[PDB]
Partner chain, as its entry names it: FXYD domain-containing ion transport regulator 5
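Starting off, we have a lone chain in the form solved without the partner chain, written out as structure tokens.
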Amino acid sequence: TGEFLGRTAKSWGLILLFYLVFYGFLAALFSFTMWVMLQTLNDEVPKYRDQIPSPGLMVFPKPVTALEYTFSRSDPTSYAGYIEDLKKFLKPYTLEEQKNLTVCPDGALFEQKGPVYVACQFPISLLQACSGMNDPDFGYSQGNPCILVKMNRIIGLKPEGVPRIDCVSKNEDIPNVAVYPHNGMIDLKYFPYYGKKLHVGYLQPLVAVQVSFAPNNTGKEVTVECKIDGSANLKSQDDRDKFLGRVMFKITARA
């Protein structure tokens, strides 16, 4: 529309300059206000901790679709991602990476108070062949996949009683799940968490779940349900949040 097909009648340069200056001034005001608001916040602990009162639960590695683990006992490319994710995640837990960390007494909160904040050791040998020390494949090649269950980190949360993760198979409990360490016992010496800045080199407790697929029932879909049992502090029943103190996943090992 027009001789030049545009509306630039010596305009659209002055307009662009004016809006550039106006939005530069506006962005300067916004950035300065954001900075001056950020200066009022701590760098070690959130101002409000009432929106994350109780820990959730989560499984590792994250599958491609939902929380459904599917692979084949034969093809090594079907479970290559699981192996790589498990090996990358568990690297800071290995023997040569926890050397600097300290060793703490069991069954008691390690309530530190002072600008040192040492982190205890979680020996990867507690997972009992669900680590990569025995077999590089975490049981996927053998037909007994290993899955890690973790408790979401909350700054200053001190669980009471004896925390424990209770995983029960729902596929008629034919492939009896194996939970390590022991019966999923979460030790109290890793609590409380003091933050990403204060608690340097903090390794959280892990629970490893191995579902053993026999040749007779190979190819089914085992649904496992884990909960934070044994601690009244940590909630495990909630209608809306299906992951508050709980996690459910489906494992399918194709024959």
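Only residues modelled in both forms are compared. Note that the rigid core is defined as the largest set of C-alphas that superpose within 1.5 Å between two forms. Residue numbers count along the first chain shown, from 1.
Just so you know, the form deposited with the partner chain bound exists too; it's not on screen, but the next bit is about it.
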* To do: Consider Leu203 of the chain shown here, and say whether it contacts the partner chain in the bound PDB entry, taking contact as heavy atoms within 4.5 Å.
  => no
* Would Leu109 count as a contact of the partner chain in the bound PDB entry, using a 4.5 angstroms cut-off between non-hydrogen atoms? -> no
* Any non-hydrogen atom of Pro53 within 4.5 angstroms of the partner chain in the bound PDB entry -> yes
* Asked: Within a 4.5 Å heavy atom cut-off, is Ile154 in contact with the partner chain in the bound PDB entry?
  -> yes
* **Segment assignment from 224-232, 208-216, 183-191, 42-50: heavy atom within 4.5 Å of the partner chain in the bound PDB entry** => 42-50
* Asked: Quick one: core overlaid, is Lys10 moving 2 Å or more at the Cα between this form and the one not shown?
  -> yes
* Note down every stretch of 3+ consecutive residues with C-alpha shifts of 2 Å or more between this form and the one not shown, superposition done on the rigid core, in sequence order. => 1-18
